[PDB]
Structure formats: structure tokens, C-alpha cells
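Notes follow the structure.
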Amino acid sequence: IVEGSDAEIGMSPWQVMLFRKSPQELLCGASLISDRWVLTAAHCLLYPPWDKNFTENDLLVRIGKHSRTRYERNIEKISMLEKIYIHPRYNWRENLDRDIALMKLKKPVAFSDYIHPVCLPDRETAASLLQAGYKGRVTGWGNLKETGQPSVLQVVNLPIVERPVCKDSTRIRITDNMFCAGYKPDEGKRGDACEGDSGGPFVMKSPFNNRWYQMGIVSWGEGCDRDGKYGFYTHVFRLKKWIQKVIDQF
Amino acid sequence: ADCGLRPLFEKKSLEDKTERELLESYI
Amino acid sequence: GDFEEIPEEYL
Ligand SMILES: COc1cc(C(=O)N2CC[C@@H](O)[C@H](C)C2)cc2oc(NCc3cccc(Cl)c3)nc12
Ligand SMILES: *[C@@H]1O[C@H](CO)[C@@H](O)[C@H](O)[C@H]1NC(C)=O
Numbered sequence: 364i365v366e367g368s369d370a371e372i373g374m375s376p377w378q379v380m381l382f383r384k385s386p387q388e389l390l391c392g393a394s395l396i397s398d399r400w401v402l403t404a405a406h407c408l409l410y411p412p413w414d415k416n417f418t419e420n421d422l423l424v425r426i427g428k429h430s431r432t433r434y435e436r437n438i439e440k441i442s443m444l445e446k447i448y449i450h451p452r453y454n455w456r457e458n459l460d461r462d463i464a465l466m467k468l469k470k471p472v473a474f475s476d477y478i479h480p481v482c483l484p485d486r487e488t489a490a491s492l493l494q495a496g497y498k499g500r501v502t503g504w505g506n507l508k509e510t518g519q520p521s522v523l524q525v526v527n528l529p530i531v532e533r534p535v536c537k538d539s540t541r542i543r544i545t546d547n548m549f550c551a552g553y554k555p556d557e558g559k560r561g562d563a564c565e566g567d568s569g570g571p572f573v574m575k576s577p578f579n580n581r582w583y584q585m586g587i588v589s590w591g592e593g594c595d596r597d598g599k600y601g602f603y604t605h606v607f608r609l610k611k612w613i614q615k616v617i618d619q620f
Numbered sequence: 334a335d336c337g338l339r340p341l342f343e344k345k346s347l348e349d350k351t352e353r354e355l356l357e358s359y360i
Numbered sequence: 054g055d056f057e058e059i060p061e062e063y064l
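Going down the list, the sequences are from chains A, B and C.
Letter by letter, the first sequence follows residues 364 to 510, 518 to 620 in the UniProt record's numbering.
Letter by letter, the second sequence follows residues 334 to 360 in the UniProt record's numbering.
Letter by letter, the third sequence follows residues 54 to 64 in the UniProt record's numbering.
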């Protein structure tokens with residue numbers, strides 16, 4: 364996260380680190396949606412162009428964390444993956460359309476002051492909250508700038531951007547399964563996700579019921595925090611038929 | 334039933350330092 | 054060792 368600040372303790376209790384076993388390194392962010400299910404970006408797990416194709420036994424999920432590198436004994440909990448489920452129409456070839464995947468943990472994780480699930484939006488929350496100008500919050504342990519790394523979990527609040535402006539920022543084709551977010555140049559505040567933040571949550575706090583909803587998944591951008599560019603997020607609500615479908619069947 | 338209510342914030346009625354920025358953008 | 058060692062039970 365570029366131009367963010369340190370998270371408060373327990374600020375983002377749904378944050379998950381996807382951690383590679385060998386070499387031991389940060390793979391991506393992710394989020395906890397129940398005691399056994401974790402949400403992330405498909406391209407955290409599968410992306411042929413960069414020869415990424417992670418199997419269950421390659422990775423671990425670290426929940427309850429604040430410090431990036433330390434083992435937070437008797438705070439964090441580390442979970443093994445039972446199974447990965449990638450959206451069957453995830454378009455890695457062109458534009459990261461439907462950049463979404465689920466991971467079922469081997470055992471349920473115990474909730475705690477530091478570990479707690481985020482809500483998924485329903486159609487009404489989406490329609491209420493996913494509006495140009497409305498801010499969400501993006502958290503992660505990714506780079507502090509494009510071209518270094520945080521001691522602790524970083525947070526930034528960013529406005530959702532009008533769809534034409536998102537389109538006009540890029541040569542990539544933007545689908546209804548994505549929204550972008552970020553300050554414009556003339557807004558003179560900044561902030562963005564960056565490398566290692568992919569997979570992590572874009573959350574909003576509903577003013578109607580005072581709960582947090584994951585509206586987005588950190589997906590992609592062209593550089594980090596550049597003037598005139600924005601971050602692109604998976605639209606969680608548009609893909610919730612699939613989420614429900616996976617969770618109901620498995 | 335408990336989703337999105339943080340044990341250290343909503344659960345104890347404490348606000349984090351920037352959640353008001355979000356609220357203020359919601360209209 | 055950029056990351057601190059995880060307990061071996063998780064590996
Ligand atoms: C394969 O994954 C990625 C690709 C690309 C990429 O160079 N693209 C050009 C070609 C096009 O096909 C791709 C759709 C995007 C950029 C990525 O940035 C990230 N994560 C970092 C991050 C940084 C800034 C903002 C946010 Cl929301 C995210 N994951 C990326
Ligand atoms: C990814 O790996 C799985 C299992 O190893 C394999 O079945 C799948 O086709 C692979 N896809 C690649 C390498 O693009």
C-alpha cells in the first residue's frame with residue numbers, strides 16, 4: 364500500500380496473509396468470510412503468464428496478523444488449505460475479468476479479538492454503496508511504493531471512481547465485473563494498492579447497519595499510485611452467485 | 334450473524350481513527 | 054530469513 368498508514372490493532376480482523384511455504388514469502392492478501400472460507404484474487408493462485416500455478420500444499424493462510432514478518436505467537440493463527448476454487452470464467456488471458464477465488468481451510472479458525480469475518484454484500488448493499496465518490500478501505504502488506519516494505523499492516527481509504535473515468539485511464543478493457551478506485555490528480559490526496567496487496571479486501575462500512583462489507587478484491591493497476599491511474603477491484607457482489615454456489619455445494 | 338462487527342471496534346462501540354472519512358463520503 | 058520462522062507443526 365502506497366501513501367497509506369499503519370493499521371490500528373484489530374482494525375481489519377478479516378485480513379489474511381497468503382504465505383508461500385518455500386521460499387517463505389508474502390504471496391498476496393485475502394480475507395476471512397467464515398470460519399472455513401477465505402476469499403482472494405484468482406491471480407494470486409493461477410496466472411500462467413508469470414508461471415504462477417499454486418497448489419493447496421504450496422501455501423498457508425495467516426490470520427489475525429498485524430506485523431508483516433514476525434510470528435505473532437498467541438495472536439495469529441496459521442491454517443492449511445483443503446481446497447482452492449477458481450472462478451471457471453476467470454479471464455487470465457486478457458484483462459483479469461472475474462479475478463476471484465475461494466480457499467476452504469482444513470479446520471475452522473477460532474474467532475478472537477484479532478480474527479473475525481467480513482460480510483459479503485447483498486444486491487441492496489451494492490446498490491446503496493458502490494457509487495462514485497463513496498469511499499472504501501484497502502488493507503495489505505504490499506509495497507510502500509512502486510520502485518520499501520511495511521513493518522505492519524497498511525490501510526488506505528479511497529473513493530470509488532466514475533466508470534467512464536476508469537475506462538479512460540487505461541488501454542485495458544474494463545468489464546462490469548470490475549470497478550476502480552483512487553484519487554484524481556486535481557483531488558490532491560493519493561494512495562493505492564501495490565505489489566503484494568492483490569487478493570486483499572476493499573471494504574465499506576454500511577451506514578444503515580454499521581457493519582463492514584467486502585465490496586472489492588484488490589486486483590490490478592498499472593504501476594502504483596501514479597497520477598491519472600487507478601486501482602481495479604473485483605466486484606464481489608456481481609460474482610456472489612458463484613461464491614454461494616461453491617460454498618453451498620462444498 | 335456477527336459478520337463485519339469488529340471485536341475491538343463495533344463490538345465495544347469504539348471508532349477507528351478514519352472510519353468517519355468513509356461515513357462522510359456516503360452521500 | 055526476512056520472515057520469522059513459523060512453528061514446524063505448520064510446515
Ligand atoms: C497479473 O496481475 C497483475 C497484472 C498487472 C498488469 O501489468 N496488467 C497489464 C496487463 C493486463 O492484462 C492486466 C489486466 C494488468 C498489474 C497488476 O497489479 C497487481 N497487483 C498490484 C496492484 C497495484 C496497484 C493497484 C492494484 Cl488494485 C493492484 N496485480 C497485477
Ligand atoms: C495448474 O496445475 C494443475 C495441477 O498441477 C493442473 O491440472 C493445471 O492444468 C495447471 N495449469 C497450468 C500449468 O497452466
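Quick reminder that beta carbons are idealized off the backbone N, C-alpha and C, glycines included.
Residue i: CB within 7 Å of a non-hydrogen atom of ligand 2
i: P411(A); result: yes
i: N416(A); result: yes
Reference residue i, options the options, closest by Cα
i: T418(A); options: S375(A), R431(A), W377(A), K467(A); result: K467(A)
i: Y603(A); options: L528(A), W612(A), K415(A); result: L528(A)
i: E366(A); options: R452(A), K559(A), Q619(A); result: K559(A)
i: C536(A); options: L381(A), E592(A), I613(A); result: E592(A)
i: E388(A); options: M585(A), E457(A), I544(A), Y434(A); result: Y434(A)
i: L338(B); options: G598(A), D595(A), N580(A); result: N580(A)
i: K446(A); options: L459(A), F607(A), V424(A), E557(A); result: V424(A)
i: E61(C); options: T403(A), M443(A), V401(A); result: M443(A)
i: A489(A); options: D398(A), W582(A), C407(A), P386(A); result: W582(A)
i: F342(B); options: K599(A), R399(A), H479(A), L523(A); result: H479(A)
i: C391(A); options: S397(A), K384(A), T403(A), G586(A); result: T403(A)
i: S375(A); options: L422(A), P577(A), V526(A); result: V526(A)
i: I360(B); options: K498(A), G566(A), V379(A); result: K498(A)
i: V481(A); options: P577(A), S368(A), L395(A), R596(A); result: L395(A)
i: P471(A); options: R399(A), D421(A), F549(A), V531(A); result: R399(A)
i: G570(A); options: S576(A), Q584(A), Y600(A), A495(A); result: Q584(A)
i: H605(A); options: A551(A), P555(A), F620(A); result: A551(A)
i: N454(A); options: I544(A), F578(A), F382(A); result: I544(A)
i: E509(A); options: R596(A), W590(A), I530(A); result: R596(A)
i: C594(A); options: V379(A), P577(A), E565(A), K615(A); result: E565(A)
i: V588(A); options: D556(A), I463(A), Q614(A), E532(A); result: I463(A)
i: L381(A); options: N420(A), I542(A), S521(A), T540(A); result: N420(A)
i: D55(C); options: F572(A), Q519(A), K599(A), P411(A); result: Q519(A)
i: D562(A); options: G601(A), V379(A), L422(A); result: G601(A)
i: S491(A); options: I530(A), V501(A), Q614(A); result: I530(A)
i: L355(B); options: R500(A), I542(A), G586(A), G427(A); result: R500(A)
i: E57(C); options: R383(A), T432(A), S397(A), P412(A); result: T432(A)
i: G586(A); options: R456(A), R486(A), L493(A); result: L493(A)
i: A334(B); options: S397(A), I613(A), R608(A), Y553(A); result: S397(A)
i: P534(A); options: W590(A), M548(A), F620(A); result: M548(A)
i: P555(A); options: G505(A), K599(A), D546(A); result: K599(A)
i: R486(A); options: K615(A), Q614(A), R608(A); result: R608(A)
i: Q378(A); options: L459(A), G505(A), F620(A), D538(A); result: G505(A)
i: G496(A); options: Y553(A), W590(A), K384(A); result: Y553(A)
i: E357(B); options: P577(A), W413(A), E457(A); result: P577(A)
i: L64(C); options: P386(A), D369(A), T540(A), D538(A); result: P386(A)
i: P411(A); options: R452(A), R456(A), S430(A), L422(A); result: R456(A)
Residue i beta carbon near ligand 1 (any heavy atom closer than 7 Å)
i: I542(A); result: yes
i: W590(A); result: yes
i: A563(A); result: yes
i: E457(A); result: yes
i: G601(A); result: yes
i: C536(A); result: no
i: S568(A); result: yes
i: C594(A); result: yes
i: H406(A); result: yes
Contact list for residue i against chain F, beta-carbon separation under 8 Å
i: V481(A); result: Looking at the structure shown, chain F is missing, and the protein chains on hand are A, B and C.
Rounded distance between the beta-carbons of residue j and residue i, thought under 8 Å
i: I364(A); j: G503(A); result: 5 Å
i: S568(A); j: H406(A); result: 7 Å
i: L409(A); j: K610(A); result: Wrong, their Cβ atoms sit about 21 Å apart, outside the cutoff.
i: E352(B); j: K575(A); result: 6 Å
i: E371(A); j: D349(B); result: 5 Å
i: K428(A); j: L507(A); result: Actually they do not touch by this definition, with Cβ atoms about 17 Å apart.
Residue i Cβ short of 7 Å to ligand 3 heavy atom set
i: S385(A); result: Ligands present in the displayed structure are limited to ligand 1 and ligand 2, and ligand 3 is not among them.
Checklist entry - Is it true that the stretch 422-442 of chain A meets the stretch 458-475 of chain A, where meeting means three or more beta-carbon pairs spaced less than 8 Å apart? => result yes
Item to check | 3 or more residues per run - each beta strand (DSSP E) lying fully within the stretch 476-510 of chain A | outcome: 498-503
Item to check | Every unbroken beta strand (DSSP E) within the stretch 544-607 of chain A, with a cutoff of 3 residues, ordered by chain | outcome: 548-551, 571-575, 582-590, 601-605
Checklist entry - Taking only runs of the beta strand (DSSP E) that begin and end inside the stretch 396-444 of chain A, which ones reach a length of at least 3 residues, in chain order? => result 400-403, 422-426, 440-442
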